[PDB]
Amino acid sequence: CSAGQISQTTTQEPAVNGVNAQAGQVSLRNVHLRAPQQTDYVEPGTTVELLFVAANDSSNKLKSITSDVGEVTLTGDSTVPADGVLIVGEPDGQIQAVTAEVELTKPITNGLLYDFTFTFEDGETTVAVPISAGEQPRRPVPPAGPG
Amino acid sequence: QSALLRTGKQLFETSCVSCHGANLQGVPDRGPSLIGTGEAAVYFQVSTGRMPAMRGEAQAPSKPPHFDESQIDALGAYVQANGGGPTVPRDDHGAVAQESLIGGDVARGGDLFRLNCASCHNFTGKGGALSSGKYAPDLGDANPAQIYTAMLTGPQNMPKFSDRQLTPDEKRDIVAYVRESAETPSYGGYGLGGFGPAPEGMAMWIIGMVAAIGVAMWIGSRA
Amino acid sequence: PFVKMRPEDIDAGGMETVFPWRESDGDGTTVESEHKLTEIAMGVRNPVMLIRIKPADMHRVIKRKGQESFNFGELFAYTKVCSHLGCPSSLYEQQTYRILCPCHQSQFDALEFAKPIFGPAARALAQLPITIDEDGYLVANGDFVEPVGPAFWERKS
Amino acid sequence: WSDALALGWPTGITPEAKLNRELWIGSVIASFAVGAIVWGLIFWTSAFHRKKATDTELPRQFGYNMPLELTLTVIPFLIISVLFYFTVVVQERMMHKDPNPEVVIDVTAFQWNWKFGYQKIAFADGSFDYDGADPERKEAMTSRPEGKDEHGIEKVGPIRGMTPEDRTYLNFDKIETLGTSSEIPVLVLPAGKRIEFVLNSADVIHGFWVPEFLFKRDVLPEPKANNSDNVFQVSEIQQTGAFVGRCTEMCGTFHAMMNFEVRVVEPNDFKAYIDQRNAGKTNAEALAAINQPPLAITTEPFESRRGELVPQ
Amino acid sequence: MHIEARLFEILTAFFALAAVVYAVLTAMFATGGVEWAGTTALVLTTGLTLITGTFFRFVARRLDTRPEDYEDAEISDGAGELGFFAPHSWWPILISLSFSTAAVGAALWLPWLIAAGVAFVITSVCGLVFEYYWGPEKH
Amino acid sequence: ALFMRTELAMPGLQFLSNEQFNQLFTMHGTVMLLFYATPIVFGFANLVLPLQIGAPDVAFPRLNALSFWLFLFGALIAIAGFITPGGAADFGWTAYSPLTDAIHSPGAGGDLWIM
Amino acid sequence: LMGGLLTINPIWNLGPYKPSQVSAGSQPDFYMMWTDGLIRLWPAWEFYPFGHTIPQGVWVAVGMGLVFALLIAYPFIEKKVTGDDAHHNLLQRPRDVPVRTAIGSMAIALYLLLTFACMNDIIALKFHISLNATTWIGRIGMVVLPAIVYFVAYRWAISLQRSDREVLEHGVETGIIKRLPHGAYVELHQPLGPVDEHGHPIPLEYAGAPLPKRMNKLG
Amino acid sequence: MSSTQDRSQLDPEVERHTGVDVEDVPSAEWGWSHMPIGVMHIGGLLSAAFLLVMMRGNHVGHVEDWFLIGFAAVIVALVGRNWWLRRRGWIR
Ligand SMILES: CC(C)=CCC/C(C)=C/CC/C(C)=C\CC/C(C)=C/CC/C(C)=C/CC/C(C)=C/CC/C(C)=C\CC/C(C)=C/CC/C(C)=C/CC1=C(C)C(=O)c2ccccc2C1=O
Ligand SMILES: CCCCCCCCCCCCCCCC(=O)O[C@H](COC(=O)CCCCCCC[C@@H](C)CCCCCCCCC)COP(=O)(O)O[C@H]1[C@H](O)[C@H](O)[C@H](O)[C@@H](O)[C@@H]1O
Ligand SMILES: CCCCCCCCCCCCCCCC(=O)O[C@H](COC(=O)CCCCCCC[C@@H](C)CCCCCCCCC)COP(=O)(O)O[C@H]1[C@H](O)[C@H](O)[C@H](O)[C@@H](O)[C@@H]1O
Ligand SMILES: CCCCCCCCCCCCCCCC(=O)O[C@H](COC(=O)CCCCCCC[C@@H](C)CCCCCCCCC)COP(=O)(O)O[C@H]1[C@H](O)[C@H](O)[C@H](O)[C@@H](O)[C@@H]1O
Ligand code: HEC
Ligand code: HEC
Ligand SMILES: *C[C@@H](COC(=O)CCCCCCCCCCCCCCC)OC(=O)CCCCCCCC[C@@H](C)CCCCCCCC
Ligand SMILES: *C(=O)CCCCCCCCCCCCCCC
Ligand code: FES
Ligand SMILES: [Cu+2]
């Protein structure tokens, strides 16, 4: 009975940090926020970078503003997807051109979900983007004195 | 090398884009997304053989590998260039490091394998059952780089024990344990599996107790 | 043996076993420690799995009463000691989100609250509240709201 | 009358298919001319009932009629002999094997979708000095000088010296009409040329079966090694438009999801197709450049979902 | 007997004819060469009917007309004592359980179950073949 | 077959999945060819062939029980792919080899089908 | 031989007991695998009285107290049911007492079910079955498979009776002779007791003994 | 032929009157040989009632409840057929 119809394999998510978004005719996969998280929250004014791909299911290429909170800037090399990808920047170890990044003006921490609204030529989607890092291992905790 | 990325693309187009959409996306309810999983994920999922698969079932099982090491680097670097995430650890030759991964400790690896995951598999790394048809596999036929990239990017139903959840010292330490727990012989007899009492029962009955009743019917008569 | 924890350590689709360490009982380098410190490792009702649900699957979650703010974004903390007969339910399935126990194979739903999907258990496996500390470390936001181990007579009123 | 008597073919679009359909019409005339007289024999020997006036007296009781047996062992042999001669004279016209084709399509056929090649074009009208690429055919000939042991073996490979996971049969091309799981692969072909099809499959046997070619072939994995003349020419294609193409072996699960199209365009539309694709455009853009609807028109790219009771 | 030797001689003539004509028609007329996969199957189905027909011809020459096989033979001409048939026996069900355990060890690749099923095959095959040869218990 | 034919009654995948259908015609083709026809061609033999040739019993009267019980316990362990979670053989009755080698259709049901 | 040649309880492969780490098997020794297999199969029925809790584990604490109270006190149970108020020294062959053999085979197969669904985990591991499916197979099997094995056991004991109550009315079976003047086939039965003047002997009475069914086992 | 006869005087016994006759089962005096048949009817019916109670539990897979309905309806059908045939004396 486990064979086909509601399968435990094709009804799955990839083991990766950022969310997906099938809606709005732009295939929007692995959107996350690369944010080196120094304290409780990352303080306002810190520039932290938003990452995704924007695959096309055909051409939707516009990337109007895509801003909910944090003053999202973009790059003019944005009219890429004609049944193709839009790789934003290097997420994590992508060694090989759109520096999408936010100037927070709100304290954000890792482990939360933050509603970003990606608007396109076809529509907009709220994604509840996470904070991610494929960073180096954890910064060294101070070893506690016994007692 | 860009020709290596092109080789990864040539193998990508003619094996999977029925279930990954050829923009490294996810074909909905037929195959999930693939960016961000990375070269480590593709090394474990094709070097074991699993993901060039043939049905979406309870879980996609192990199988012979569909590509070789001269092409896994191409396919994993292609998925890391399209996406980007964990990478497979490599030695001073540029090839995939498989022997430099066994850590210098085993007992820490024993306790850490035992705490963090041996709930699912077994003590020595034999398989274990899972919820609805899915199952943990045996760790005996497991390349150490596949073990590191198995815990590094968790394929199916296993948690991805990340670079920050378990440190690479700890992950080298776990693959030091499992390559000397599924490799060391069973001290003191045949190893009736790795999990104890049910094979020991079934080998009590048909090996020991059937021989006992056979001796008892050779000695006593019947009337 | 106990390293303090951040949310950036565990990532999406990850079980991780946490223990109630404190700032008082520090490293295991003193004999007044390793007995407030192995007490944590020997006490039955201590282990808690720290679930990091993939944030594409946060719309499938439905919390229960008195327990709506016991997440931390997508960090859940369900106990490891199961509902009935107290084995650690340290099997965890991402992409189906089921805390499976080994001793009697009783699933629990990681999404909603650890209600038993299937098995011989009939009670919600307990959930621990989470906040981050000053300096950004994962701490418990109090005690469990229910007794955490296996069931017995004096319970549920 | 000619379509309903032919047990409902699709009518031919190549002279291969026209002549094959004529032989099927003649052969169902032969099969119904056998079955009509033999159903006449059965439904007229069901006029030999047990008669009510038939007393306790058995029938003719004969058996063992040698001259009648010689006649009806000679006449089905004549039927199958004339059908075998017409079969062989149409078997000559299935691959004429012209060394001078007009457009060669490298139909490779991977796990659960297709990819069409355009390996070589050469018009007898005079156009299209176009060829195939071939830097992509790199091997997996595992000629490593030493394996797990330390000396002597220099192990070369499993099959013919190479690994099974090899891909050296698998020829590629600059132009590639790749078929994704949400866009059906659209081969387009010039009307009235000599269209060669060289067939390879990356993984597993299935079938290049256009219904209206009235012909198929199986994409065997390494067909040169497996004695399989995979290649076949199609003599012309008269009728333009779009034609469905199915998949006609067993591939594994997503097997009805392997449809393609062979859209037959005019030769100047073929000019404006590839000369609006050498300047690199995808399939929908190249079909929009020749005033023709870009998506697959005779088959929709049906559901990536799994059922009508899966929750989306 | 006579007619089984003639029967498998007819099958031997046709199988040898088909084997040699398939070998010499796939030597030419084929794409690469001899098919080698129905050719040797035809050569050894010729071998099958060679073994059966050669043994039946060996028997049919070293025999008279059998009082069974003789046309116009009364029943009292061949009414003697036939050989032993087995009565009731519960070993074939154990043969099948043993060979099925070995097969599901060879399907679900369980080498312990392969070895145990082969051990049950040996035990049950012994129980079948010794069934009418165990002497009484000597006490 | 009635499950397959409920499935083909409408162009959707309305009743059961793709993979269950590919298991469905395969196990169906076997338990109509190799587990329905192939046994009954000796089942009528064990009915009436010793009756027709004047034989007291069939010639190897334990090995006929062995034939029947090996048949039934090959048939049950070939139907036993349906107990498996990925199900039985999705490749056809024809079972062509680039689809049956363990890279392709890797489940346990094909192995149970084979043995 | 099996203490040397076969490993058992490899406690070094296992760990020290720490209450935060488990195996996947976690199964007891086999003579107690029917107990928590009964935990693995009892379908999560808990009660909640006024401010308290009866959990699942009460049931098997009843259930192990149930089966033992049927296994200690069985001879008094069937002394009440049957009416065996007699000093019995001779045994009865287990075919000669079909409902008691069938109740016993219910208990044997119920034990085999509760055990064979206590390695539920490793069965669903190796013999590739859904784990939920094999514990439902056990959970229905403990209700329907004692009924199936009761039917098969009772009628199989009666047919084992009839199989050695026709070896007395007839002989013991051997090879076949044909009858001489006509075409017949008799099995040439060899009688066990005194014979009459014709093709049938004096049929013996049953005596609770294993009667030989092969002339092989005779001289 | 190398065998002796067998003669066993047991303590033969309800006392040889109510139960099963010695031609229904070929040895009824040699042991207990008849369960009263209301016990197995109510045992089957209570088995099917238990399989129907087994829906109540931790449960999301309703593909199982069709197996429980199926194995309960089979047992209810067998018990009802068997009781109906004894109510009519094994007819149809
Ligand atoms: C005789 C019977 C128990 C009647 C008692 C009276 C009855 C009414 C009391 C109530 C019992 C009912 C209500 C509940 C059942 C619970 C059950 C009886 C628990 C008590 C423990 C005990 C008495 C169990 C029953 C006795 C036991 C099953 C007898 C063994 C079976 C036979 C008759 C012996 C010969 C078998 C021997 C030759 C070996 C053959 C090989 C076969 C395959 C062994 C089967 C087998 C077994 C039996 C395992 O235990 C086992 C454990 C772990 C792994 C595998 C196996 C395994 O394969
Ligand atoms: C005579 C002189 C004295 C010498 C001493 C003799 C005593 C034996 C002990 C000596 C050392 C041998 C033990 C080896 C060490 C050892 O443990 O034995 C393993 C177990 O493996 C297997 O099963 C494969 C073995 C198959 C052989 C036949 C199976 C035995 C059968 C007969 C047992 C019967 C049981 C009852 C059947 C039930 C009846 C059912 C109806 C095999 O190791 P290996 O194959 O190499 O690899 C492992 C991987 O199997 C493993 O999956 C992997 O996970 C790793 O463990 C890896 O190390
Ligand atoms: C010699 C006779 C054999 C009996 C042996 C054992 C009986 C010993 C009784 C001695 C103590 C009597 C009351 C004082 C001892 C006491 O105060 O506690 C009680 C502790 O007695 C128990 O263990 C068991 C009984 C509980 C009281 C009532 C039980 C019997 C009745 C009520 C049940 C039958 C009717 C209901 C349904 C029946 C079955 C199905 C219909 C109840 O626990 P609890 O209520 O959870 O109270 C908590 C504080 O303990 C803690 O400090 C504090 O933290 C609190 O928060 C709380 O946790
Ligand atoms: C030694 C030889 C032994 C031979 C025994 C052979 C077994 C007999 C037949 C067994 C049929 C098994 C069919 C199971 C097929 C199956 O997987 O169904 C599952 C649950 O079904 C079931 O277990 C119900 C079937 C219960 C069978 C009735 C038991 C009969 C007894 C008599 C047999 C006991 C034998 C024990 C032998 C012990 C020795 C005794 C001497 C649904 O749950 P699940 O798959 O996890 O969840 C789904 C997602 O997977 C899926 O994606 C989604 O779509 C949803 O469907 C979701 O619910
Ligand atoms: C069955 C068709 C299919 C085949 C062929 C295929 N994929 Fe898979 N892919 C899937 C399915 C189904 C999964 C589900 C398993 C999962 O995601 O946990 C998946 C998941 C993956 C994963 C794991 C993702 C993660 O987050 O862990 C990787 C890596 C992957 N595929 C890569 C590949 C590569 C590389 C190829 C070779 C070009 C390939 N696949 C071929 C469909 C396929
Ligand atoms: C459910 C919890 C789960 C836990 C936790 C888990 N595994 Fe996995 N493991 C699985 C499953 C399921 C697979 C199979 C995934 C697949 O087939 O795509 C697997 C695959 C593997 C494999 C591949 C086996 C092979 O034949 O190639 C290895 C090795 C492995 N795991 C080891 C580990 C390691 C190392 C850890 C971390 C210390 C771990 N397991 C934790 C369930 C788990
Ligand atoms: C996905 C599931 C389909 O399940 C559903 O969707 C609906 C559930 C169907 C309801 C079940 C009704 C059955 C009633 C039982 C009546 C049986 C006859 C009398 C028995 C007392 O897919 C499946 O689960 C399909 C189920 C797989 C069936 C396997 C067939 C048996 C295989 C064999 C290994 C079993 C061992 C022996 C069986 C008996 C042998 C006799 C010779
Ligand atoms: C679960 O993964 C199985 C997938 C395929 C299930 C299809 C079931 C079709 C019917 C099988 C019938 C078997 C015997 C039933 C007896 C009535
Ligand atoms: S012991 Fe884990 S739920 Fe019963
Ligand atoms: Cu196909």
# chains A, B, ... in the order shown; residues from 1 in each chain; ligands from 1
$ interface_residues --of "chain A" --to "chain C" --cutoff "6 Å" --atoms "only C-alpha atoms" --output "list in words"
residues 12, 17, 19, 39, 40, 111, 112, 113, 144, 145, 146 and 147 of chain A
$ write_last_selection --atoms "C-alpha atoms" --output "PDB file, in the first residue's frame"
ATOM      1  CA  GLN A  12       8.967  15.290   0.419  1.00  0.00           C
ATOM      2  CA  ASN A  17      17.542  25.260   4.909  1.00  0.00           C
ATOM      3  CA  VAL A  19      11.970  27.373   1.851  1.00  0.00           C
ATOM      4  CA  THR A  39      24.509  37.911  19.464  1.00  0.00           C
ATOM      5  CA  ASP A  40      20.918  37.103  20.464  1.00  0.00           C
ATOM      6  CA  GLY A 111      15.737  29.758  14.128  1.00  0.00           C
ATOM      7  CA  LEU A 112      12.895  32.138  13.298  1.00  0.00           C
ATOM      8  CA  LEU A 113      10.868  32.566  10.112  1.00  0.00           C
ATOM      9  CA  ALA A 144      32.224  27.116  32.066  1.00  0.00           C
ATOM     10  CA  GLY A 145      33.961  27.212  35.413  1.00  0.00           C
ATOM     11  CA  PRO A 146      32.746  24.346  37.596  1.00  0.00           C
ATOM     12  CA  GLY A 147      30.503  25.401  40.464  1.00  0.00           C
TER      13      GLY A 147
END
$ residues_around --residues "residue E:41" --least-positions-apart "3" --cutoff "12 Å" --atoms "only C-alpha atoms" --output "ChimeraX atom specification"
/E:15-16,18-20,22-23,35-38,44-48
$ residues_around --residues "residue E:124" --least-positions-apart "2" --cutoff "7 Å" --atoms "only C-alpha atoms" --output "JSON, numbers by chain"
{"E": [91, 94, 95, 120, 121, 122, 126, 127, 128]}
$ residues_around --residues "residue B:66" --least-positions-apart "2" --cutoff "7 Å" --atoms "only C-alpha atoms" --output "CSV table (one decimal) with N, CA, C and O atoms, in the first residue's frame"
chain,number,residue,atom,x,y,z
B,46,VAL,N,24.6,9.2,-5.3
B,46,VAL,CA,24.8,8.5,-6.5
B,46,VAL,C,26.0,7.6,-6.3
B,46,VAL,O,26.1,6.5,-7.0
B,49,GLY,N,24.5,4.9,-5.1
B,49,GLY,CA,23.7,4.4,-6.2
B,49,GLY,C,22.2,4.8,-6.1
B,49,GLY,O,21.6,4.8,-7.2
B,52,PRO,N,19.7,7.8,-8.7
B,52,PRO,CA,19.3,7.5,-10.1
B,52,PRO,C,18.3,6.3,-10.0
B,52,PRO,O,18.6,5.2,-10.4
B,64,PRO,N,23.3,-0.9,-7.0
B,64,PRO,CA,24.6,-0.6,-7.6
B,64,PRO,C,24.7,0.8,-8.1
B,64,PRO,O,23.7,1.4,-8.5
D,165,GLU,N,28.9,1.8,-16.7
D,165,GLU,CA,28.5,3.2,-16.5
D,165,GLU,C,29.3,4.2,-17.4
D,165,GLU,O,29.9,5.1,-16.9
F,103,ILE,N,20.1,-1.8,-10.4
F,103,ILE,CA,20.0,-0.4,-10.6
F,103,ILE,C,18.5,0.0,-10.9
F,103,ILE,O,18.1,1.0,-10.4
$ residues_around --residues "residue G:187" --least-positions-apart "2" --cutoff "9 Å" --atoms "only C-alpha atoms" --output "list in words"
residues 85 and 87 of chain E; 173, 174, 175, 176, 177, 178, 185 and 189 of chain G
$ write_last_selection --atoms "N, CA, C and O atoms" --output "PDB file, in the first residue's frame"
ATOM      1  N   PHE E  85       4.521 -48.027  -5.812  1.00  0.00           N
ATOM      2  CA  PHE E  85       4.214 -46.612  -5.758  1.00  0.00           C
ATOM      3  C   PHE E  85       4.186 -46.200  -4.304  1.00  0.00           C
ATOM      4  O   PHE E  85       3.942 -47.016  -3.416  1.00  0.00           O
ATOM      5  N   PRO E  87       2.549 -44.754  -1.131  1.00  0.00           N
ATOM      6  CA  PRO E  87       1.341 -44.236  -0.485  1.00  0.00           C
ATOM      7  C   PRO E  87       1.584 -42.873   0.137  1.00  0.00           C
ATOM      8  O   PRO E  87       2.516 -42.161  -0.255  1.00  0.00           O
TER       9      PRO E  87
ATOM     10  N   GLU G 173      -0.225 -50.066   3.436  1.00  0.00           N
ATOM     11  CA  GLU G 173      -0.132 -49.930   1.991  1.00  0.00           C
ATOM     12  C   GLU G 173       1.276 -50.215   1.481  1.00  0.00           C
ATOM     13  O   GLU G 173       2.274 -49.940   2.151  1.00  0.00           O
ATOM     14  N   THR G 174       1.344 -50.760   0.270  1.00  0.00           N
ATOM     15  CA  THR G 174       2.564 -51.275  -0.361  1.00  0.00           C
ATOM     16  C   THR G 174       2.473 -51.030  -1.866  1.00  0.00           C
ATOM     17  O   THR G 174       1.710 -50.173  -2.325  1.00  0.00           O
ATOM     18  N   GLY G 175       3.285 -51.766  -2.637  1.00  0.00           N
ATOM     19  CA  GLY G 175       3.230 -51.683  -4.081  1.00  0.00           C
ATOM     20  C   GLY G 175       2.047 -52.422  -4.683  1.00  0.00           C
ATOM     21  O   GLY G 175       1.405 -53.248  -4.045  1.00  0.00           O
ATOM     22  N   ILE G 176       1.790 -52.126  -5.953  1.00  0.00           N
ATOM     23  CA  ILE G 176       0.543 -52.484  -6.622  1.00  0.00           C
ATOM     24  C   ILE G 176       0.709 -53.781  -7.400  1.00  0.00           C
ATOM     25  O   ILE G 176       1.664 -53.940  -8.168  1.00  0.00           O
ATOM     26  N   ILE G 177      -0.223 -54.705  -7.211  1.00  0.00           N
ATOM     27  CA  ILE G 177      -0.405 -55.826  -8.119  1.00  0.00           C
ATOM     28  C   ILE G 177      -1.674 -55.558  -8.916  1.00  0.00           C
ATOM     29  O   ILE G 177      -2.600 -54.895  -8.437  1.00  0.00           O
ATOM     30  N   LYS G 178      -1.687 -56.002 -10.166  1.00  0.00           N
ATOM     31  CA  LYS G 178      -2.918 -56.054 -10.934  1.00  0.00           C
ATOM     32  C   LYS G 178      -3.636 -57.360 -10.644  1.00  0.00           C
ATOM     33  O   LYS G 178      -3.008 -58.379 -10.346  1.00  0.00           O
ATOM     34  N   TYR G 185      -6.615 -52.587 -10.267  1.00  0.00           N
ATOM     35  CA  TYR G 185      -5.420 -52.164  -9.548  1.00  0.00           C
ATOM     36  C   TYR G 185      -5.751 -52.127  -8.067  1.00  0.00           C
ATOM     37  O   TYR G 185      -6.466 -51.230  -7.614  1.00  0.00           O
ATOM     38  N   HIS G 189      -2.709 -54.303   0.253  1.00  0.00           N
ATOM     39  CA  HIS G 189      -2.607 -53.948   1.660  1.00  0.00           C
ATOM     40  C   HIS G 189      -2.059 -55.114   2.466  1.00  0.00           C
ATOM     41  O   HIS G 189      -2.421 -56.269   2.237  1.00  0.00           O
TER      42      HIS G 189
END
$ residues_around --residues "residue F:88" --least-positions-apart "5" --cutoff "12 Å" --atoms "only C-alpha atoms" --output "PyMOL selection string"
(chain A and resi 1-4) or (chain B and resi 55+57) or (chain F and resi 19-28+30+77-83+93+105-114) or (chain G and resi 128-129)
$ interface_residues --of "chain B" --to "chain D" --cutoff "10 Å" --atoms "only C-alpha atoms" --output "PyMOL selection string"
chain B and resi 3+6-7+10-11+13-23+27-31+52-56+65-71
$ interface_residues --of "chain H" --to "chain C" --cutoff "8 Å" --atoms "only C-alpha atoms" --output "list in words"
residues 57, 58, 59 and 60 of chain H
$ residues_near_ligand --ligand "ligand 4" --cutoff "7 Å" --atoms "only C-alpha atoms and all ligand atoms" --output "PyMOL selection string"
(chain A and resi 1-8) or (chain B and resi 58+131-133) or (chain F and resi 82-85) or (chain G and resi 109+112-113+116+130-138+140-141+144-145) or (chain H and resi 61-64+67)
$ write_last_selection --atoms "N, CA and C atoms" --output "compact mmCIF listing (two decimals), in the first residue's frame"
# COMPACT_ATOMS: atom_id res chain seq x y z
N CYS A 1 0.83 -1.20 0.00
CA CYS A 1 0.00 0.00 0.00
C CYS A 1 0.86 1.24 0.00
N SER A 2 2.11 1.09 0.45
CA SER A 2 3.06 2.19 0.51
C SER A 2 3.70 2.50 -0.82
N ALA A 3 3.39 1.73 -1.87
CA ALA A 3 4.08 1.84 -3.14
C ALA A 3 3.86 3.17 -3.84
N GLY A 4 2.65 3.42 -4.33
CA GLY A 4 2.50 4.62 -5.12
C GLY A 4 1.88 5.88 -4.57
N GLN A 5 0.59 5.83 -4.21
CA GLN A 5 -0.29 6.98 -4.44
C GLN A 5 0.01 8.15 -3.51
N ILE A 6 0.13 7.88 -2.21
CA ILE A 6 0.73 8.88 -1.34
C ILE A 6 2.06 8.30 -0.88
N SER A 7 3.11 8.63 -1.60
CA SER A 7 4.43 8.07 -1.36
C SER A 7 5.15 8.88 -0.30
N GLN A 8 6.02 8.21 0.45
CA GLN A 8 6.86 8.87 1.43
C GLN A 8 8.18 9.36 0.85
N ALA B 58 8.01 3.70 -0.55
CA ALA B 58 8.26 3.95 0.87
C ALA B 58 9.60 4.63 1.11
N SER B 131 9.22 3.77 10.09
CA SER B 131 7.78 3.87 10.34
C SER B 131 6.89 3.19 9.32
N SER B 132 6.83 3.71 8.11
CA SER B 132 5.88 3.22 7.12
C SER B 132 6.67 2.74 5.92
N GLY B 133 7.15 1.50 6.00
CA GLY B 133 7.87 0.87 4.91
C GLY B 133 9.33 1.17 4.80
N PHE F 82 3.37 -8.00 -2.73
CA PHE F 82 2.39 -7.01 -2.30
C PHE F 82 2.48 -6.69 -0.82
N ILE F 83 3.02 -7.59 -0.01
CA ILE F 83 3.25 -7.29 1.39
C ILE F 83 4.39 -6.29 1.52
N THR F 84 5.33 -6.31 0.57
CA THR F 84 6.47 -5.41 0.60
C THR F 84 6.01 -3.97 0.36
N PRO F 85 6.65 -2.98 1.00
CA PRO F 85 6.11 -1.62 0.94
C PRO F 85 6.25 -0.96 -0.42
N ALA G 109 0.38 -21.30 18.57
CA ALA G 109 0.43 -20.34 17.48
C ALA G 109 0.22 -18.92 17.97
N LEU G 112 3.65 -18.12 19.06
CA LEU G 112 4.46 -17.88 17.87
C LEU G 112 4.11 -16.57 17.20
N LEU G 113 2.88 -16.10 17.37
CA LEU G 113 2.50 -14.82 16.80
C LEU G 113 3.03 -13.68 17.66
N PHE G 116 6.74 -13.78 17.01
CA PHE G 116 7.04 -13.37 15.64
C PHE G 116 6.49 -12.01 15.27
N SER G 130 6.39 -3.18 5.48
CA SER G 130 6.14 -1.99 6.29
C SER G 130 6.01 -2.40 7.75
N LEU G 131 6.67 -1.63 8.62
CA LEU G 131 6.67 -1.94 10.05
C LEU G 131 5.28 -1.82 10.63
N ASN G 132 4.54 -0.80 10.20
CA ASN G 132 3.14 -0.68 10.55
C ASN G 132 2.35 -1.86 10.03
N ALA G 133 2.70 -2.35 8.84
CA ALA G 133 1.96 -3.46 8.26
C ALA G 133 2.17 -4.75 9.05
N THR G 134 3.41 -5.04 9.44
CA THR G 134 3.62 -6.28 10.20
C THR G 134 3.14 -6.18 11.64
N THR G 135 3.12 -5.00 12.25
CA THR G 135 2.45 -4.98 13.55
C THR G 135 0.93 -4.97 13.43
N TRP G 136 0.36 -4.52 12.31
CA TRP G 136 -1.06 -4.79 12.10
C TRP G 136 -1.33 -6.25 11.79
N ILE G 137 -0.40 -6.90 11.08
CA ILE G 137 -0.50 -8.34 10.83
C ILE G 137 -0.51 -9.09 12.15
N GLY G 138 0.36 -8.71 13.08
CA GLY G 138 0.30 -9.28 14.41
C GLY G 138 -0.97 -8.91 15.16
N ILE G 140 -3.96 -8.19 14.10
CA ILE G 140 -5.09 -8.98 13.63
C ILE G 140 -4.80 -10.47 13.81
N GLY G 141 -3.52 -10.85 13.78
CA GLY G 141 -3.17 -12.25 13.84
C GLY G 141 -3.46 -12.87 15.18
N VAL G 144 -7.31 -13.60 14.86
CA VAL G 144 -7.86 -14.48 13.85
C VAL G 144 -7.03 -15.75 13.63
N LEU G 145 -5.71 -15.71 13.85
CA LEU G 145 -4.86 -16.87 13.62
C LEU G 145 -5.03 -17.97 14.68
N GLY H 61 -4.22 6.00 9.50
CA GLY H 61 -4.30 5.25 8.27
C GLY H 61 -5.60 4.49 8.16
N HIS H 62 -6.55 5.03 7.41
CA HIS H 62 -7.83 4.36 7.21
C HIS H 62 -7.77 3.25 6.18
N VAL H 63 -6.60 2.95 5.62
CA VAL H 63 -6.45 1.76 4.80
C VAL H 63 -6.46 0.52 5.67
N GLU H 64 -6.25 0.67 6.98
CA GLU H 64 -6.29 -0.46 7.89
C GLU H 64 -7.72 -0.82 8.29
N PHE H 67 -9.18 -3.36 6.26
CA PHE H 67 -8.78 -4.72 6.63
C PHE H 67 -9.52 -5.20 7.87
$ residues_around --residues "residue E:4" --least-positions-apart "5" --cutoff "9 Å" --atoms "only C-alpha atoms" --output "ChimeraX atom specification"
/E:9,52-53,56-57,60
$ residues_near_ligand --ligand "ligand 3" --cutoff "12 Å" --atoms "only C-alpha atoms and all ligand atoms" --output "VMD selection string"
(chain C and resid 146 to 147 151 to 157) or (chain G and resid 46 to 55 58)
